[PDB]
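Worksheet: the structure to be examined is printed underneath.
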Amino acid sequence: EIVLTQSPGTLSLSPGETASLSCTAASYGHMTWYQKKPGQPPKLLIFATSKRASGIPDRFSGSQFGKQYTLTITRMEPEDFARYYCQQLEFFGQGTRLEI
Amino acid sequence: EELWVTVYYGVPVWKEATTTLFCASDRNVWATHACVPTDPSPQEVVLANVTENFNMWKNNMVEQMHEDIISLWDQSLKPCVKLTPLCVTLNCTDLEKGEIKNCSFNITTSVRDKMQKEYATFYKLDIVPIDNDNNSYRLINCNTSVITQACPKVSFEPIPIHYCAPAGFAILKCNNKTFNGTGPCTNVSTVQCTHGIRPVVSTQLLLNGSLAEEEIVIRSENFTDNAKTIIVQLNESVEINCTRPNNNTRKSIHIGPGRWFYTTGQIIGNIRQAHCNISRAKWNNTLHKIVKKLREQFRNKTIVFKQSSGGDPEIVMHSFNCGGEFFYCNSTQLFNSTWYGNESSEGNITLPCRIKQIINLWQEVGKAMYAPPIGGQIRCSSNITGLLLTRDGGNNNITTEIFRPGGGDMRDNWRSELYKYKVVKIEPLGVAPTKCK
Amino acid sequence: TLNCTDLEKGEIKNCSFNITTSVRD
Amino acid sequence: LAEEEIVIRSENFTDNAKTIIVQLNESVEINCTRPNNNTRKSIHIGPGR
Amino acid sequence: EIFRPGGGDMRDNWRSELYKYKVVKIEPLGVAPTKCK
Amino acid sequence: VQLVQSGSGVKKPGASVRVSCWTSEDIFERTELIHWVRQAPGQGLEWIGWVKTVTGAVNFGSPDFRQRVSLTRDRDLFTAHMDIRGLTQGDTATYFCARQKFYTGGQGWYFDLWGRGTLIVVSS
Amino acid sequence: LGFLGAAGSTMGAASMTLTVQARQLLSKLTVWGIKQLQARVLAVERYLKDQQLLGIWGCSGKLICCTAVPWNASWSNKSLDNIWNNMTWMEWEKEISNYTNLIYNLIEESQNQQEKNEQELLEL
Amino acid sequence: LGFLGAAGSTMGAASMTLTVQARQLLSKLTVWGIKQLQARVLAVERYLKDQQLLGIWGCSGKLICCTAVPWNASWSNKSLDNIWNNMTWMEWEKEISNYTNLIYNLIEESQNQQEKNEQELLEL
Ligand SMILES: *[C@@H]1O[C@H](CO)[C@@H](O[C@@H]2O[C@H](CO)[C@@H](O[C@@H]3O[C@H](CO[C@H]4O[C@H](CO)[C@@H](O)[C@H](O)[C@@H]4O)[C@@H](O)[C@H](O[C@H]4O[C@H](CO)[C@@H](O)[C@H](O)[C@@H]4O[C@H]4O[C@H](CO)[C@@H](O)[C@H](O)[C@@H]4O)[C@@H]3O)[C@H](O)[C@H]2NC(C)=O)[C@H](O)[C@H]1NC(C)=O
Ligand SMILES: *[C@@H]1O[C@H](CO)[C@@H](O[C@@H]2O[C@H](CO)[C@@H](O[C@@H]3O[C@H](CO[C@H]4O[C@H](CO)[C@@H](O)[C@H](O)[C@@H]4O)[C@@H](O)[C@H](O[C@H]4O[C@H](CO)[C@@H](O)[C@H](O)[C@@H]4O)[C@@H]3O)[C@H](O)[C@H]2NC(C)=O)[C@H](O)[C@H]1NC(C)=O
Ligand SMILES: *[C@@H]1O[C@H](CO)[C@@H](O[C@@H]2O[C@H](CO)[C@@H](O[C@@H]3O[C@H](CO)[C@@H](O)[C@H](O)[C@@H]3O)[C@H](O)[C@H]2NC(C)=O)[C@H](O)[C@H]1NC(C)=O
Ligand SMILES: *[C@@H]1O[C@H](CO)[C@@H](O[C@@H]2O[C@H](CO)[C@@H](O[C@@H]3O[C@H](CO)[C@@H](O)[C@H](O)[C@@H]3O)[C@H](O)[C@H]2NC(C)=O)[C@H](O)[C@H]1NC(C)=O
Ligand SMILES: *[C@@H]1O[C@H](CO)[C@@H](O[C@@H]2O[C@H](CO)[C@@H](O)[C@H](O)[C@H]2NC(C)=O)[C@H](O)[C@H]1NC(C)=O
Ligand SMILES: *[C@@H]1O[C@H](CO)[C@@H](O[C@@H]2O[C@H](CO)[C@@H](O)[C@H](O)[C@H]2NC(C)=O)[C@H](O)[C@H]1NC(C)=O
Ligand SMILES: *[C@@H]1O[C@H](CO)[C@@H](O[C@@H]2O[C@H](CO)[C@@H](O)[C@H](O)[C@H]2NC(C)=O)[C@H](O)[C@H]1NC(C)=O
Ligand SMILES: *[C@@H]1O[C@H](CO)[C@@H](O[C@@H]2O[C@H](CO)[C@@H](O)[C@H](O)[C@H]2NC(C)=O)[C@H](O)[C@H]1NC(C)=O
Ligand SMILES: *[C@@H]1O[C@H](CO)[C@@H](O[C@@H]2O[C@H](CO)[C@@H](O)[C@H](O)[C@H]2NC(C)=O)[C@H](O)[C@H]1NC(C)=O
Ligand SMILES: *[C@@H]1O[C@H](CO)[C@@H](O[C@@H]2O[C@H](CO)[C@@H](O)[C@H](O)[C@H]2NC(C)=O)[C@H](O)[C@H]1NC(C)=O
Ligand SMILES: *[C@@H]1O[C@H](CO)[C@@H](O[C@@H]2O[C@H](CO)[C@@H](O)[C@H](O)[C@H]2NC(C)=O)[C@H](O)[C@H]1NC(C)=O
Ligand SMILES: *[C@@H]1O[C@H](CO)[C@@H](O[C@@H]2O[C@H](CO)[C@@H](O)[C@H](O)[C@H]2NC(C)=O)[C@H](O)[C@H]1NC(C)=O
Ligand SMILES: *[C@@H]1O[C@H](CO)[C@@H](O)[C@H](O)[C@H]1NC(C)=O
Ligand SMILES: *[C@@H]1O[C@H](CO)[C@@H](O)[C@H](O)[C@H]1NC(C)=O
Ligand SMILES: *[C@@H]1O[C@H](CO)[C@@H](O)[C@H](O)[C@H]1NC(C)=O
Ligand SMILES: *[C@@H]1O[C@H](CO)[C@@H](O)[C@H](O)[C@H]1NC(C)=O
Ligand SMILES: *[C@@H]1O[C@H](CO)[C@@H](O)[C@H](O)[C@H]1NC(C)=O
Ligand SMILES: *[C@@H]1O[C@H](CO)[C@@H](O)[C@H](O)[C@H]1NC(C)=O
Ligand SMILES: *[C@@H]1O[C@H](CO)[C@@H](O)[C@H](O)[C@H]1NC(C)=O
Ligand SMILES: *[C@@H]1O[C@H](CO)[C@@H](O)[C@H](O)[C@H]1NC(C)=O
Ligand SMILES: *[C@@H]1O[C@H](CO)[C@@H](O)[C@H](O)[C@H]1NC(C)=O
Ligand SMILES: *[C@@H]1O[C@H](CO)[C@@H](O)[C@H](O)[C@H]1NC(C)=O
Ligand SMILES: *[C@@H]1O[C@H](CO)[C@@H](O)[C@H](O)[C@H]1NC(C)=O
Ligand SMILES: *[C@@H]1O[C@H](CO)[C@@H](O)[C@H](O)[C@H]1NC(C)=O
Ligand SMILES: *[C@@H]1O[C@H](CO)[C@@H](O)[C@H](O)[C@H]1NC(C)=O
Ligand SMILES: *[C@@H]1O[C@H](CO)[C@@H](O)[C@H](O)[C@H]1NC(C)=O
């Protein structure tokens, strides 16, 4: 019934730590990620095949294990305390928030 | 012992390659007027114990067919007649719900000192109203483009053309029959040329292509991706009989010093809608089989066929080139049913068809072609060999799959005909160890 | 014929003219 | 630019009708501006022209 | 001596950029005397 | 160039709104698919549909958008349109125009560029 | 058997088609006419590139030749039975493909030395 | 050393680059496209002219050959030390340039006689 499930929803990490954000893909397939700030349009971070998006200075990376794709944030650079979303073709996830 | 380097020339190996392919073939047809014959027969070599990857979605032979049809089409059309002198106000009323109009106009003659009022018959879909007076009309595309009338001597018959490799190159063919479009093919052969492929212009149905050997084969790069085209290749054709039962006069006027322009002249008898007659039983049996195969790609859901909600008229309606005429047929009725997993198997299906004379294949920006009028009556018939389908998104957890006619991208038709072929280059030189210096 | 007066010692001029449109009428 | 010195070349320096080509070993900087904020306007002058 | 800006012939600018180059053809075949027939 | 986004008006229930986005010739003609999405406040991101830049063919993320929303494109004017009929308060959301140039097949759906976005408000 | 019919044969057996393979390397400005002119030029240039190299090597005029370059273990440490008798030419060419330029360069240098030395001995 | 790097070397020493020099002899109707097509045709024809002549002479397949034509004093009366060891090839080619056609004609006639006579003796 649920195509894409977002986990953990909310994380709290101090600067210098590494975030681990993830989503489960119903019926597998590839999964991509986007970053959003309030009042701003989202931007591509990584391809669904884990290639980094152009414009990203090697802060984001990830891989998929079975159905679960995990995206990580290197050293929680402060500029990246953004809401993140998962996408699997036509479906989007619920979104994950980052606090301190 | 010791080994030495030995060199062999004439080594039977190859690499993937893209090269330029040329034409061959078995009326002044735009595609065949300046080409070469094929060999009396192609040869075939079965490459026993050879397995190779094919990919119909990345086939550069498709890209060349696209480039050639555009260039060949344009070479034929270029040296014809410019219709700019005719971009004047037309004055008419209709002669079938107002479809055909008889319009007068003010056009300068070959004599620069004189003007001649004249008349031409047009189809409604090629003209638009001017300044709301319900009588004045303009050619629909003249505001932005140059409309050129094709020379009447040019035939548009889609004579099949074989694509042949140059020396040093070869074409490999996949003989799996039920090949899914990519990955390894374990039964392959070497040929010099492809079979002849007919450059048929079409949108929703694939006409006059090849048939599958054993079953309807449905191919998609990714069935999960609702934005991609699904190509359905049938193993049995469906018969379609198309007629434009109106006895026409070809009339000509001059629009300059040696510039002849052809229009529809006096209609003999009454006006009737063009129609395409599709056998109903054959269409119904075909859909049953298509559905069984579509069900195999999804979690055994009920399948329903619907019509498109939008797109250019050239996309929404099924169109084709008939006896030089351009038809736009209402296909809604062909895709208006729900098929079930427990379902199993007499009259005619008739599609009203509209006619247009001003068309723009390949969307050339700033250009359009005007089809000549054809006198007498037109009859043609075709074989339906496949379908370009798409899938309705938003149906996850709806318990049914919904499909609609897709298509409109001519390359999706060429991907079917060039489906089985790949281009490679021959690399005859190589080395190995030997016993002797 | 262009019809104008200047808009830098008269260097740039704004000229009207009578040109036939894509509509031949 | 020339490698060591300004090099001045002429087929014949004596012939006043010929061009003298001066090649410098150091460039001189030129900054050009047209400081007028313009609008690009288009009109048609025919059917797609 | 009095000098003035000249120029206007575009080939005089190309003579500067192509100043250092010349085109030749390769003639790989030739003969000489030897000791053996 | 970021997609130029128009709109941001206020409508009464039952009204229609037309929203459009623009790009340059060089971006438009290298783009295969234009998508529309919706972000109602606090709800997350919902896909609406797409328009193919070549054929004008369309699709949707829901049968309800298919029934009420007409999507299209313009080849000479490098734009795209989202025509929404039958507006209700439940449609208040930020809407966005975004491009996919990624004719990469099985790789997946990607958005190279998202435009600024527009806020459509429906109220009595 | 036919062209490339030996492709699935072992390297040794495949020598039976060396002539056959060699034969397929050699065979009004309208759209097709222009493409045909380019095709003829390409075919000729490709043919000649192979002949020039065989001309440099002491190979021209033959399908099979040997020069004074040893074959070492970094390229292959297999017995001839596991090369000539248990592999096809495509498998082989791929197995040692990273040495194509090395081996060819070694062949040219050894041949250059062999011709230079033999000719000097004849002249001396 | 590189292409033509032997140009300043003596004729004898210069034999070290004969292969190198030979290698540089072999490698949509837009302005550049037309020029490129003509360039390819020219390169091929030039290559083949040299090969045909070496084919007439008993030279094809080799960089160095000898035929039965004596070298006389009207061409050069120098010792080999003042030819091969004290001159470069450009100096030499210029020194005897007025005999290029003579020597080549003598080579063809002598070779024609050598092939004809040897073949008849084999047939007889
Ligand atoms: C899928 O595949 C099918 C099968 O190939 C294809 O249908 C065929 O299309 C061709 C081309 O449109 C049709 O050929 C025309 O047929 C008519 C009728 O001929 C009848 O009488 C002759 C008598 O000898 C019989 O042999 C024949 O079988 C019919 O009973 C002809 O009148 C046409 O001739 C004109 O066009 C020719 C173009 O090549 C010219 O060469 C010829 O000289 C004629 O043109 C001149 O005279 C015209 C007078 O009206 C004038 O207007 C012209 O300007 C010019 O001066 C032509 O031979 C063929 O019959 C179709 N086959 C069937 C079974 O219907 C489908 O089109 C294809 N589907 C798709 C989508 O591509
Ligand atoms: C376009 O369409 C294609 C085809 O439908 C989709 O392809 C899927 O891609 C995903 C992600 O790449 C695949 O998921 C992973 O595949 C691995 C390879 O599978 C092979 O090897 C296993 C060995 O056990 C065989 O069973 C299998 O048949 C293949 O031969 C698996 O190894 C992965 O397994 C993971 O989970 C198990 C859990 O038990 C662990 O033990 C493993 O270590 C590992 O963590 C996983 O399954 C998926 O399989 C592909 N589908 C198919 C049918 O092959 C594309 O994704 C799609 N495009 C888009 C955009 O969605
Ligand atoms: C692998 O592909 C080859 C083709 O490249 C298949 O071989 C072909 O098999 C058909 C069988 O029907 C042969 O057809 C013959 O036609 C004549 C009439 O023209 C008829 O008299 C014969 O009795 C026969 O039906 C065809 O000639 C043959 N082609 C070649 C080149 O050998 C092969 O079967 C495929 N293998 C697999 C496992 O699919
Ligand atoms: C689907 O529609 C087609 C087209 O109308 C039907 O075929 C047509 O059937 C009629 C008979 O009912 C044929 O009429 C005959 O014409 C000849 C003309 O020379 C005349 O001599 C005979 O006396 C008779 O009147 C007609 O020719 C034939 N059409 C064609 C192109 O051959 C078809 O039967 C319909 N199918 C179904 C399932 O309803
Ligand atoms: C199109 O042509 C018709 C004539 O064929 C014009 O209608 C006539 O107008 C005159 C007045 O100028 C009347 O006296 C006639 O009785 C009208 N005839 C008919 C049949 O209506 C018509 O005005 C023209 N329209 C345009 C837009 O030019
Ligand atoms: C057609 O079927 C073949 C298997 O018979 C599929 O091959 C897989 O392709 C992927 C991508 O190259 C490889 O990683 C897998 O290892 C292949 N599978 C096997 C068993 O080798 C192919 O993807 C299918 N294609 C379509 C369009 O369905
Ligand atoms: C167009 O209609 C004709 C007339 O029915 C079709 O011709 C018949 O085809 C069947 C095929 O099973 C033959 O058994 C009949 O003998 C044919 N009739 C005649 C008079 O020859 C024709 O096939 C139809 N074509 C299309 C494309 O629908
Ligand atoms: C469009 O209207 C014109 C004007 O009535 C028709 O041309 C006339 O046809 C008759 C009968 O052949 C001739 O006697 C007249 O001399 C023609 N008049 C002119 C001005 O040419 C024309 O045939 C009509 N076209 C259609 C398709 O109905
Ligand atoms: C297309 O084929 C289907 C399946 O054969 C036909 O389905 C029939 O549906 C009616 C109810 O509307 C049932 O009473 C019949 O028993 C079904 N037929 C069979 C063989 O089971 C459907 O009618 C066909 N469509 C057309 C236009 O003929
Ligand atoms: C297209 O098909 C329709 C049937 O759907 C044809 O119209 C009638 O068809 C029935 C059944 O075959 C015949 O008994 C009638 O005699 C036909 N009609 C009329 C009005 O005479 C129609 O003729 C076909 N049209 C074409 C061009 O083939
Ligand atoms: C549509 O397909 C049918 C398939 O049967 C074609 O009919 C065959 O055509 C071949 C070649 O002329 C004949 O040898 C067969 O005898 C025909 N079979 C039957 C049953 O008629 C038909 O020609 C195809 N039509 C088109 C447009 O190509
Ligand atoms: C155009 O003006 C700018 C501004 O002065 C020049 O840029 C400076 O160049 C000097 C070269 O010695 C540097 O040391 C400065 O740091 C540069 N300034 C800046 C802000 O970057 C530029 O070179 C001028 N160009 C020409 C052709 O005149
Ligand atoms: C799936 O469908 C059922 C039945 O209509 C519904 O109750 C459920 O909420 C739906 N779930 C999702 C994730 O759409
Ligand atoms: C055009 O037709 C409409 C009816 O569809 C009518 O209301 C209008 O007045 C007509 N205009 C002219 C100029 O005749
Ligand atoms: C078709 O491809 C499948 C791939 O799994 C293979 O097993 C089968 O033998 C092939 N059929 C042929 C060559 O007829
Ligand atoms: C076409 O394929 C179906 C499914 O495999 C099969 O039942 C039918 O007999 C095949 N066709 C023909 C025309 O012989
Ligand atoms: C229908 O789909 C279900 C999964 O939802 C599967 O378990 C069942 O076996 C399928 N039925 C058939 C006939 O394949
Ligand atoms: C099976 O037959 C029943 C008859 O009542 C029908 O309602 C149902 O839709 C059919 N098909 C499937 C897949 O259940
Ligand atoms: C059109 O009418 C003329 C009347 O002279 C007749 O000779 C001709 O055969 C008819 N054409 C058709 C296709 O019925
Ligand atoms: C340019 O040439 C002059 C004259 O030889 C010399 O004094 C100067 O140092 C040279 N230039 C540069 C830019 O180093
Ligand atoms: C294919 O495999 C068979 C069985 O090992 C072998 O006899 C044959 O020579 C192989 N190659 C070809 C081209 O048949
Ligand atoms: C093979 O020959 C190359 C080139 O001379 C050399 O670099 C390499 O070390 C040799 N390898 C072995 C195992 O002898
Ligand atoms: C060539 O080198 C690459 C590493 O750069 C290696 O992955 C590949 O397997 C090597 N291929 C061969 C034939 O040795
Ligand atoms: C140049 O002259 C020197 C000194 O006589 C000599 O050793 C050298 O071989 C000559 N040629 C070249 C190409 O260096
Ligand atoms: C050299 O050979 C030519 C050609 O046979 C002859 O004419 C000439 O007299 C000879 N010169 C000498 C010095 O022998
Ligand atoms: C060739 O002959 C001319 C006289 O016609 C003479 O001046 C020149 O030096 C001669 N060149 C050679 C290499 O003998």
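Every chain in the structure tokens takes a letter, A first, then B, and so on in the order presented; its residues are numbered from 1, and the ligands are numbered from 1 following the presented order.
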
- Item | ligand 5 neighbours within 10 Å using only C-alpha atoms and all ligand atoms, as a list in words |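 So, counting only C-alpha atoms and all ligand atoms, the residues near ligand 5 are residues 89, 90, 91, 92, 93, 103, 104, 105, 130, 131, 132, 133, 134, 135, 136 and 137 of chain B.
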
Please produce a file of those selected residues containing N, CA and C atoms, as an mmCIF file, in the first residue's frame.
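Below is the file that was written, selection_23.cif:
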data_model
loop_
_atom_site.group_PDB
_atom_site.id
_atom_site.type_symbol
_atom_site.label_atom_id
_atom_site.label_comp_id
_atom_site.auth_asym_id
_atom_site.auth_seq_id
_atom_site.Cartn_x
_atom_site.Cartn_y
_atom_site.Cartn_z
ATOM 1 N N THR B 89 -6.338 37.110 -47.377
ATOM 2 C CA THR B 89 -7.617 36.727 -46.831
ATOM 3 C C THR B 89 -8.422 35.851 -47.777
ATOM 4 N N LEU B 90 -8.922 34.748 -47.242
ATOM 5 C CA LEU B 90 -9.804 33.825 -47.933
ATOM 6 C C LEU B 90 -11.228 34.226 -47.572
ATOM 7 N N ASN B 91 -12.207 34.125 -48.504
ATOM 8 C CA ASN B 91 -13.628 34.418 -48.246
ATOM 9 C C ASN B 91 -14.507 33.213 -48.622
ATOM 10 N N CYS B 92 -15.132 32.568 -47.597
ATOM 11 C CA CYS B 92 -15.917 31.339 -47.757
ATOM 12 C C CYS B 92 -16.936 31.036 -46.686
ATOM 13 N N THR B 93 -17.794 30.118 -47.117
ATOM 14 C CA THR B 93 -18.809 29.411 -46.390
ATOM 15 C C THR B 93 -18.580 27.953 -46.756
ATOM 16 N N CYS B 103 -13.261 28.816 -50.938
ATOM 17 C CA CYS B 103 -12.810 30.171 -50.624
ATOM 18 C C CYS B 103 -12.231 30.935 -51.784
ATOM 19 N N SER B 104 -12.710 32.170 -51.921
ATOM 20 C CA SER B 104 -12.184 33.058 -52.928
ATOM 21 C C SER B 104 -11.033 33.835 -52.325
ATOM 22 N N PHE B 105 -10.154 34.354 -53.168
ATOM 23 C CA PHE B 105 -9.066 35.203 -52.693
ATOM 24 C C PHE B 105 -8.480 36.124 -53.773
ATOM 25 N N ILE B 130 -10.518 35.278 -39.354
ATOM 26 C CA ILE B 130 -9.912 36.592 -39.242
ATOM 27 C C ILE B 130 -10.859 37.666 -38.731
ATOM 28 N N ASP B 131 -10.431 38.316 -37.658
ATOM 29 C CA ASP B 131 -11.092 39.467 -37.045
ATOM 30 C C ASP B 131 -12.585 39.274 -36.782
ATOM 31 N N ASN B 132 -12.968 38.065 -36.409
ATOM 32 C CA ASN B 132 -14.333 37.709 -36.054
ATOM 33 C C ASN B 132 -15.449 38.063 -37.060
ATOM 34 N N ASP B 133 -15.236 38.011 -38.389
ATOM 35 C CA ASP B 133 -16.418 38.320 -39.247
ATOM 36 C C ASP B 133 -17.215 37.103 -39.803
ATOM 37 N N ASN B 134 -16.856 35.863 -39.374
ATOM 38 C CA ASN B 134 -17.420 34.548 -39.725
ATOM 39 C C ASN B 134 -17.299 34.185 -41.227
ATOM 40 N N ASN B 135 -16.513 34.959 -42.031
ATOM 41 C CA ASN B 135 -16.316 34.767 -43.478
ATOM 42 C C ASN B 135 -14.863 34.829 -43.946
ATOM 43 N N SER B 136 -14.007 35.555 -43.224
ATOM 44 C CA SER B 136 -12.618 35.732 -43.620
ATOM 45 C C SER B 136 -11.713 34.733 -42.917
ATOM 46 N N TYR B 137 -10.851 34.059 -43.680
ATOM 47 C CA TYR B 137 -9.944 33.049 -43.136
ATOM 48 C C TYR B 137 -8.484 33.172 -43.600
#

- Item | Residues within 10 Å of residue 11 (chain D), only C-alpha atoms, excluding chain neighbours under 5 positions, as a ChimeraX atom specification | /D:18-21

Please write the residues from the selection above to a file, keeping N, CA and C atoms, as an mmCIF file, in the first residue's frame.
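Here's the written file out_19.cif:
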data_model
loop_
_atom_site.group_PDB
_atom_site.id
_atom_site.type_symbol
_atom_site.label_atom_id
_atom_site.label_comp_id
_atom_site.auth_asym_id
_atom_site.auth_seq_id
_atom_site.Cartn_x
_atom_site.Cartn_y
_atom_site.Cartn_z
ATOM 1 N N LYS D 18 54.993 50.221 -47.851
ATOM 2 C CA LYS D 18 54.758 48.929 -47.242
ATOM 3 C C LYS D 18 54.401 49.053 -45.781
ATOM 4 N N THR D 19 53.727 48.033 -45.273
ATOM 5 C CA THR D 19 53.325 47.973 -43.880
ATOM 6 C C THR D 19 54.470 47.561 -42.980
ATOM 7 N N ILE D 20 54.588 48.231 -41.850
ATOM 8 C CA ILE D 20 55.545 47.882 -40.827
ATOM 9 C C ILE D 20 54.786 47.200 -39.703
ATOM 10 N N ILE D 21 55.184 45.990 -39.368
ATOM 11 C CA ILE D 21 54.480 45.257 -38.340
ATOM 12 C C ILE D 21 55.273 45.262 -37.056
#

- Task: Find the residues near ligand 17. Use a cut-off of 12 Å, count only C-alpha atoms and all ligand atoms, and write them as a ChimeraX atom specification.
- Result: /A:1 /B:292,295-302,340-342,397,399-400

File of the preceding selection, N, CA and C atoms, as a PDB file, in the first residue's frame:
ATOM      1  N   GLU A   1       0.817  -1.214   0.000  1.00  0.00           N
ATOM      2  CA  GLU A   1       0.000   0.000   0.000  1.00  0.00           C
ATOM      3  C   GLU A   1       0.865   1.284   0.000  1.00  0.00           C
TER       4      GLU A   1
ATOM      5  N   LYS B 292      -3.232 -10.360 -21.847  1.00  0.00           N
ATOM      6  CA  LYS B 292      -2.610 -11.457 -21.141  1.00  0.00           C
ATOM      7  C   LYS B 292      -1.121 -11.164 -20.930  1.00  0.00           C
ATOM      8  N   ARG B 295      -0.516  -8.384 -18.346  1.00  0.00           N
ATOM      9  CA  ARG B 295      -0.742  -8.873 -16.993  1.00  0.00           C
ATOM     10  C   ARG B 295       0.497  -9.514 -16.419  1.00  0.00           C
ATOM     11  N   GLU B 296       1.279 -10.175 -17.259  1.00  0.00           N
ATOM     12  CA  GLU B 296       2.503 -10.844 -16.835  1.00  0.00           C
ATOM     13  C   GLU B 296       3.580  -9.880 -16.306  1.00  0.00           C
ATOM     14  N   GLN B 297       3.489  -8.587 -16.634  1.00  0.00           N
ATOM     15  CA  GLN B 297       4.472  -7.602 -16.189  1.00  0.00           C
ATOM     16  C   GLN B 297       4.072  -6.870 -14.912  1.00  0.00           C
ATOM     17  N   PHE B 298       2.888  -7.159 -14.386  1.00  0.00           N
ATOM     18  CA  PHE B 298       2.382  -6.455 -13.216  1.00  0.00           C
ATOM     19  C   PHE B 298       1.807  -7.491 -12.259  1.00  0.00           C
ATOM     20  N   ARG B 299       1.321  -7.094 -11.088  1.00  0.00           N
ATOM     21  CA  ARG B 299       0.811  -8.126 -10.167  1.00  0.00           C
ATOM     22  C   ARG B 299      -0.620  -8.617 -10.443  1.00  0.00           C
ATOM     23  N   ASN B 300      -0.829  -9.238 -11.634  1.00  0.00           N
ATOM     24  CA  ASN B 300      -2.057  -9.881 -12.140  1.00  0.00           C
ATOM     25  C   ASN B 300      -3.336  -9.022 -11.940  1.00  0.00           C
ATOM     26  N   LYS B 301      -3.259  -7.709 -12.242  1.00  0.00           N
ATOM     27  CA  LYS B 301      -4.362  -6.748 -12.118  1.00  0.00           C
ATOM     28  C   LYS B 301      -5.218  -6.666 -13.374  1.00  0.00           C
ATOM     29  N   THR B 302      -6.454  -6.231 -13.194  1.00  0.00           N
ATOM     30  CA  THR B 302      -7.403  -5.995 -14.278  1.00  0.00           C
ATOM     31  C   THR B 302      -6.867  -4.887 -15.165  1.00  0.00           C
ATOM     32  N   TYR B 340     -10.332  -8.873 -18.170  1.00  0.00           N
ATOM     33  CA  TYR B 340     -10.124  -9.589 -16.923  1.00  0.00           C
ATOM     34  C   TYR B 340      -9.340 -10.880 -17.019  1.00  0.00           C
ATOM     35  N   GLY B 341      -8.711 -11.241 -15.906  1.00  0.00           N
ATOM     36  CA  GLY B 341      -7.926 -12.475 -15.821  1.00  0.00           C
ATOM     37  C   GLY B 341      -8.669 -13.779 -16.173  1.00  0.00           C
ATOM     38  N   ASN B 342      -9.997 -13.861 -15.908  1.00  0.00           N
ATOM     39  CA  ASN B 342     -10.841 -15.031 -16.198  1.00  0.00           C
ATOM     40  C   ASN B 342     -11.625 -14.906 -17.531  1.00  0.00           C
ATOM     41  N   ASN B 397      -1.830   1.030  -5.710  1.00  0.00           N
ATOM     42  CA  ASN B 397      -2.883   0.648  -4.751  1.00  0.00           C
ATOM     43  C   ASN B 397      -4.323   0.926  -5.274  1.00  0.00           C
ATOM     44  N   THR B 399      -5.745  -1.087  -7.636  1.00  0.00           N
ATOM     45  CA  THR B 399      -6.094  -2.499  -7.978  1.00  0.00           C
ATOM     46  C   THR B 399      -6.294  -2.818  -9.472  1.00  0.00           C
ATOM     47  N   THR B 400      -6.115  -1.830 -10.330  1.00  0.00           N
ATOM     48  CA  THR B 400      -6.237  -1.981 -11.777  1.00  0.00           C
ATOM     49  C   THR B 400      -5.147  -1.185 -12.472  1.00  0.00           C
TER      50      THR B 400
END

Each residue of chain B lying at most 8 Å from chain D should get a row with its shortest atom-to-atom pair and the distance in Å to one decimal, counting only C-alpha atoms; could you produce that, ordered by chain and increasing number, as CSV?
residue,atom,partner,partner_atom,distance
B:84,CA,D:47,CA,7.9
B:142,CA,D:47,CA,6.0
B:143,CA,D:47,CA,5.6
B:144,CA,D:48,CA,4.4
B:145,CA,D:48,CA,4.9
B:146,CA,D:47,CA,6.0
B:366,CA,D:48,CA,5.7
